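Asks: an experimental structure, sequence included, is below.
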Amino acid sequence: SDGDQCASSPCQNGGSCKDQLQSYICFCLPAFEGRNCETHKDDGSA
Ligand SMILES: *[C@@H]1O[C@@H](C)[C@@H](O)[C@@H](O)[C@@H]1O
């Protein structure tokens, strides 16, 4: 009962949305980045 910021799935790139205290959190893979998982980390050779 601390606000629901996971109704329209704010996460992206198949990110997992989880309702947390105050705000929320997007659980994604280690190869992804960004607040809403919208930055595919494709480097490999970098
Ligand atoms: C939610 O967590 C993320 C990290 C991925 O494993 C998703 O497939 C899962 O549903």
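Replies: Sure, I can see it. Numbering: from 1, shown residues only.

Asks: count the residues that sit near the closest residue to the ligand within the chain.
Replies: At 2.3 Å from the ligand, residue 16 is the closest residue in the chain, using Cβ to the nearest ligand atom. C-beta coordinates here come from the backbone N, C-alpha and C atoms, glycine included. Per other Cβ atoms under 10 Å, the neighbour tally for residue 16 reads 13.

Asks: what about it, distance to residue 46?
Replies: Per Cβ to Cβ, to the nearest Å, residue 16 is found 26 Å from residue 46.

Asks: what do you get for residue 18?
Replies: Distance, residue 18 to residue 46, using Cβ to Cβ: 30 Å.

Asks: between the two, which one's more packed in?
Replies: The residue with more neighbours, out of residue 18 and residue 46, is residue 18; 11 against 4, by other Cβ under 10 Å.

Asks: returning to what we had before: once you drop chain neighbours, what's closest to the residue of the chain closest to the ligand?
Replies: residue 27 (3.9 Å; Cβ to Cβ, 6 or more residues apart in numbering).

Asks: spell out which parts of this protein neighbour the ligand.
Replies: Neighbours of the ligand within the chain, by Cβ under 6 Å from any ligand atom: 16, 27-29.

Asks: just the buried ones from those?
Replies: Buried members of the residues of the chain next to the ligand, scored by 16 or more other Cβ atoms under 10 Å, are residue 28.

Asks: strands - which of the residues of the chain next to the ligand land there?
Replies: Among the residues of the chain next to the ligand, the members falling in strands (DSSP state E) are 16, 27.

Asks: okay if I get the residues of the chain next to the ligand as JSON lines plus distance to residue 42?
Replies: Output for the residues of the chain next to the ligand, formatted as JSON lines (distance: Cβ to Cβ, whole Å):
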{"residue": "16", "distance to residue 42": "20"}
{"residue": "27", "distance to residue 42": "20"}
{"residue": "28", "distance to residue 42": "14"}
{"residue": "29", "distance to residue 42": "12"}
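
Asks: and the residues of the chain next to the ligand, which is closest to residue 37?
Replies: Nearest to residue 37 among the residues of the chain next to the ligand: residue 28, at 4.0 Å, using Cβ to Cβ.
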